[PDB]
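Here is the structure we will look at, set down as structure tokens.
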Protein chains: 2
Amino acid sequence: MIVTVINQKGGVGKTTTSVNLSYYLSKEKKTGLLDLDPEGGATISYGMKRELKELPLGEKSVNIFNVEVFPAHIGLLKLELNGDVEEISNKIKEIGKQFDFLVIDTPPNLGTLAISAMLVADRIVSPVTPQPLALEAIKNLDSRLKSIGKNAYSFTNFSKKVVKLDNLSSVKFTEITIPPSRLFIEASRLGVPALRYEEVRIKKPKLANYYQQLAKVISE
Amino acid sequence: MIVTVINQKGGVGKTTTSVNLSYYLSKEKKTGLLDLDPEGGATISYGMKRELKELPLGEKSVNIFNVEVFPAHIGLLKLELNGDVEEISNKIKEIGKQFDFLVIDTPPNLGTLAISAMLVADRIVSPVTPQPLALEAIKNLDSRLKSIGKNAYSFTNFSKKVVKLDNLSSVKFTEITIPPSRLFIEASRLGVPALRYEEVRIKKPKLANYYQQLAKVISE
Ligand SMILES: Nc1ncnc2c1ncn2[C@@H]1O[C@H](COP(=O)(O)OP(=O)(O)O)[C@@H](O)[C@H]1O
Ligand SMILES: Nc1ncnc2c1ncn2[C@@H]1O[C@H](COP(=O)(O)OP(=O)(O)O)[C@@H](O)[C@H]1O
Ligand SMILES: [Mg+2]
Ligand SMILES: [Mg+2]
């Protein structure tokens with residue numbers, strides 16, 4: 001199953017979602033994490049660096065913290081500029097064939113890499129926040145989803161209360177809401193997944209429940 | 001400079017020393033960490049797994065937490081059994097040529113891999129503890145060092161007080177002593193270097209001083 005995480009708006013928690021969902025799924029599934037953002041947030045979140053090499057898409061991967069991570073590289077930039085959407089899509093499908101779950105992190109846009117990941121996604125996930133900018137972004141994503149005949153799941157981040165915009169018929173907003181937590185900040189400063197950091201940092205871990213619910217929602 | 005960490009006695013802190021010294025040196029130097037222990041403690045300490053592949057020595061490396069780590073693999077086992085010491089030594093020298101510092105973690109013995117790493121080491125480091133078993137081990141290491149015409153530095157771990165056995169003329173015991181700290185246990189449970197974990201876990205980091213002093217001692 002290919003799970004593509006999408007949002008025009010930066011800073012909503014796309015990389016956090018990709019990193020921790022892939023880590024959670026890896027506990028029982030052969031899980032891969034494909035970093036399509038040239039800035040490489042997920043790659044850094046697994047303790048690695050962006051490759052200053054124009055790599056072919058999906059050639060290089062490392063098993064870090066139980067996840068097969070494909071690090072970001074400067075080649076993505078060229079793929080963002082000259083990339084042929086059909087080739088990138090077929091390459092992503094071929095990469096996804098070798099995993100039970102392939103979670104894809106995307107740049108903060110609906111550009112070449114993001115739309116290629118969307119077109120072949122088995123599931124599309126878009127985090128949202130109560131901030132007006134994120135609501136506008138999810139409206140635009142609903143329009144694009146209709147443009148490609150697909151649907152997406154959404155969950156709320158940075159909040160105690162769920163977001164549900166019923167007029168976006170292509171977006172299924174779940175009842176999952178992730179509140180602010182400095183665990184995410186500390187774990188991102190380490191460059192480790194927040195779930196794993198919590199598994200040693202606090203007596204009674206809590207963040208795993210949200211990603212369990214997200215995995216259950218998309219697995220249906 | 002090739003820095004080889006050596007001890008017959010398991011559990012003295014060899015892997016901890018290798019991991020954190022390489023992480024500290026990486027802050028300003030191109031630093032590599034070669035895991036020659038088939039059990040792969042250092043590899044796990046950088047969030048990776050032992051490769052169930054009979055790899056050639058030094059072919060595979062990943063930059064994790066700023067350190068170029070060569071993960072352990074089952075091939076080491078065969079190298080422990082059939083390894084030709086001259087070839088392993090020359091391969092280690094060739095690997096070390098490409099780093100400002102190459103820190104080598106070794107199995108808990110003086111076997112093929114350990115002696116090969118010792119023969120080409122620019123510096124040899126052996127942690128010791130006040131436990132009688134470790135004192136016996138460092139005596140034996142002094143004998144072997146004389147057998148190959150080399151010297152080593154030693155520092156004390158798991159203790160508030162320095163160990164200094166003046167009859168071991170091939171071992172320079174430093175005044176460095178590392179006390180018990182649950183930071184090491186927590187960081188090893190994450191699979192991250194203890195220095196990096198401390199850099200986010202406590203307000204005023206302390207462990208970096210010991211590795212600064214060790215680096216200063218060996219750099220002379
Ligand atoms: N629930 C949360 N509570 C606190 N901080 C968070 C939360 N979710 C994400 N963050 C932090 O917000 C920052 C941006 O998140 P990120 O996943 O990089 O957003 P995006 O990938 O959408 O740009 C990161 O430093 C991350 O640690
Ligand atoms: N100063 C210390 N305080 C507390 N625990 C330590 C200290 N040094 C090492 N340890 C712990 O002891 C265990 C064994 O250390 P390790 O470096 O694996 O020994 P070796 O590699 O010599 O077998 C590890 O779990 C490590 O976290
Ligand atoms: Mg991001
Ligand atoms: Mg060890």
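Cβ sites come from the backbone with ideal geometry, for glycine too, and all protein chains shown count toward neighbours. No value in this document is a laboratory result; all are computed from the given coordinates.
Within chain A, DSSP assigns beta bridges of which about 10% are antiparallel (rounded to the nearest 5).
Summarising the label geometry, the points placed 7 Å from Cα in the beta-carbon direction at B:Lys161 and A:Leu165 lie 7.0 nm from one another. Antiparallel versus total DSSP beta bridges in the protein assembly as shown: what percent is that, nearest 5? Antiparallel bridges make up about 10 percent of those DSSP assigns within the protein assembly as shown.
A P(r) calculated from all alpha carbon pairs of the protein assembly as shown, with 20 Å bins opening at zero, reads 25, 48, 23, 4, 0 percent. Taking amide hydrogens as placed 1.01 Å from N in the peptide plane, the amide H of B:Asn151 sits under 5 Å from that of no residue at least 5 positions away in sequence or on another chain.
Mind checking segment B:41-101 for trypsin sites (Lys or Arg not before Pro) that DSSP puts in a loop (not H, G, I, E or B) and that have at most 16 other Cβ atoms within 10 Å? The qualifying sites are B:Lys49, B:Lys53, B:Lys60, B:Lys97.
Across the copies of the chain, B:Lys78 has label points (7 Å from Cα along Cα→Cβ) spaced 3.7 nm apart, shortest distance listed first. Where a ≥ b ≥ c are the square roots of the eigenvalues of the C-alpha gyration tensor, would you call segment A:1-150 rounded, which needs a/c under 1.5, or, failing that, prolate if a/b is larger than b/c, or oblate? Rounded.
Of all chain A residues, the one whose Cβ lies closest to the rotation axis that maps A onto B, given with that distance rounded to whole Å, is A:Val62, 3.
With a 10 Å cut-off around each Cβ of A:184-192, the average count of Cβ atoms from other chains is 4. Name the most mobile residue of B:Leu195, B:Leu133, B:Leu102, meaning the one with the largest mean-square fluctuation, in a Gaussian network model of chain B with Cα contacts below 10 Å. The residue that fluctuates most here is B:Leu133. Using a 7 Å projection from Cα along Cα-to-Cβ, the label point at A:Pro130 is separated from the same position in the remaining copies by 5.7 nm, smallest value first. Spatial offset of segment B:132-180 relative to segment A:161-185 amounts to 58 Å, using the alpha carbon center of each. Here B:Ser147 yields copy-to-copy label distances, from shortest upward, of 7.3 nm, the label point defined as 7 Å from Cα along Cα to C-beta.
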